[PDB]
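Just the one chain here, laid out as structure tokens, in the form deposited in one PDB entry.
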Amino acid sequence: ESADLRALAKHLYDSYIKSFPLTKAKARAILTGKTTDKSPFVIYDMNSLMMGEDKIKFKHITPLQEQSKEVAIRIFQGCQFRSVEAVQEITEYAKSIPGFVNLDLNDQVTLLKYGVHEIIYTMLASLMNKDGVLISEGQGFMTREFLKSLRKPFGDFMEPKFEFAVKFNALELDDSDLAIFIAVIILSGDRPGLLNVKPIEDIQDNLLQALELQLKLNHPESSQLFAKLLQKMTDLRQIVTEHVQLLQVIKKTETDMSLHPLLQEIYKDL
């Protein structure tokens, strides 16, 4: 029901609004150069990384970076802090998903467990441009080279995230559309331990129709955006696929490396 779909739509909107602070909307208004209430303090090298330690809030080893826990570490054990934060919001927005919180207790988790990372890169896009990506609330702009120049491992960590973002953003999906896309993802139903599935599908349908008319409407010209959009999902897989294989490395190679429970539990290889 159209009238019920705009409802469904609009319904997921405010939620996304209330579960996530850095909307694509704000995150884009901190990337262009137009308004300069406060632009993003940019990070491109060490002098700046450090300079941004004072200018920006980085509750980590302020002075050196080498001998007392190298930086890539602090820069990596950083995302993992934002991380916890993501699943916080993410899960939250999932709580609001129509009928979602009804399904098997065991499954909801699964849904979150996986779809949480896939959703992390979905969002993440609106956070970056081909010059770099914003950090800590978009209160800063870490450059693409700064990262690219890092230690043998982590060094390739993000570089493979732009090609996706660049393209994903190229569809020009505003906020109003994201939430529902963030909705579908979650109600996938093709995950391990998926106890009872048809329901998660009945839901995902609700949100596949909804989201559908949202593109047509919100993007009259964006012919085939839906198909185009749903397609992106594969992109998001490999990325999550690959990412994992990294934490697969990193930890059995960084055994002092801690890991918050929500992550400890979603960080499940394969």
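Shifts are known only where both forms have a C-alpha. Rigid core (definition): largest C-alpha set, two forms, superposition within 1.5 Å. The first residue of the shown sequence is 1; numbering continues from there.
Practice item. Please confirm whether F41, modelled here, goes without coordinates in at least one third of the other compared entries that cover both its neighbours. Key: No: coordinates for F41 present in every compared entry.
Exercise for review: Please report whether at least a third of the other compared entries leave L64 without coordinates.
Suggested key: Yes, left without coordinates in at least a third.
Review point. Which is higher on average in the deposited entry, the C-alpha temperature factors of 99-107 or of 143-151?
Key: Looking at the record's C-alpha B-factors, the answer is 143-151.
Practice item. Using only the Cα atoms and their B-factors as the entry lists them, report which of 88-96 and 195-203 averages higher. Key: Higher of the two, by average CA B-factor, is 195-203.
Exercise for review: Using the temperature factors in the entry, find which of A165, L171, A72, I120 has the highest value at its Cα atom.
Suggested key: Among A165, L171, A72, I120, the PDB entry lists the largest C-alpha B-factor for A72.
Exercise for review: Tell me, please, which of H243, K228, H219, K34 has the highest C-alpha B factor according to the deposited entry?
Suggested key: Result of the comparison over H243, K228, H219, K34: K34.
Practice item. Using the B-factor values recorded in the entry, state whether the Cα atom of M158 falls in the lowest, middle or highest third among the modelled residues of its chain. Key: For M158, the deposited C-alpha B-factor lands in the highest third.
Practice item. Compare the C-alpha B factor of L112 with those of the other modelled residues in its chain, then answer lowest, middle or highest third. Key: CA B-factor rank for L112: middle third.
Review point. In terms of the chain's CA B-factor thirds, is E212 lowest, middle or highest?
Key: Within its chain, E212 is a lowest-third residue by C-alpha B-factor, going by the deposited values.
**Study point:** Third assignment of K251 from its chain's C-alpha B-factors
**Key:** Top third by C-alpha B-factor.
Exercise for review: Select lowest, middle or highest to describe the third in which the CA B-factor of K26 falls within its chain in this entry.
Suggested key: It falls in the bottom third of the chain.
What follows is about the form deposited with a partner chain bound, which we do not show.
Review point. Within 4.5 Å of the partner chain in the bound PDB entry, do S48, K130 and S149 each have at least one heavy atom?
Key: No, none of the three is in contact.
Review point. Do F100 and the partner chain come within 4.5 Å of each other in the bound PDB entry, heavy atoms counted?
Key: Close contact exists here: in the bound PDB entry, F100 approaches the partner chain to within 4.5 Å, heavy atoms only.
Review point. Looking at the partner-bound form in the bound PDB entry, is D174 within 4.5 Å of the partner chain by any heavy atom?
Key: No, no contact at 4.5 Å.
Exercise for review: Using the partner position in the bound PDB entry, report whether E92 sits within 4.5 Å of the partner chain, counting heavy atoms only.
Suggested key: Yes, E92 lies within 4.5 Å of the partner chain in the bound PDB entry.
Practice item. Flag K113 as yes or no: does it have a non-hydrogen atom within 4.5 angstroms of any non-hydrogen atom of the partner chain in the bound PDB entry? Key: So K113 counts as contacting the partner chain.
**Study point:** Among the candidates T143, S136, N169, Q108, the residue which, in the bound PDB entry, approaches the partner chain to within 4.5 Å (heavy atoms)
**Key:** Only one option qualifies, and that one is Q108.
Practice item. Answer yes if the CA of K10 moves 2 Å or more between the shown form and the other one after aligning the rigid core, and no otherwise. Key: No; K10 is a residue whose C-alpha shifts by less than 2 Å between the shown form and the other one when the cores are overlaid.
Practice item. Answer yes if the CA of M257 moves 2 Å or more between the shown form and the other one after aligning the rigid core, and no otherwise. Key: Passes the 2 Å threshold, so yes.
Practice item. After fitting on the rigid core, list every run of 3 or more consecutive residues where each C-alpha shifts 2 Å or more between the shown form and the other one, in sequence order. Key: The runs that move are 33-35, 252-262, 268-270.
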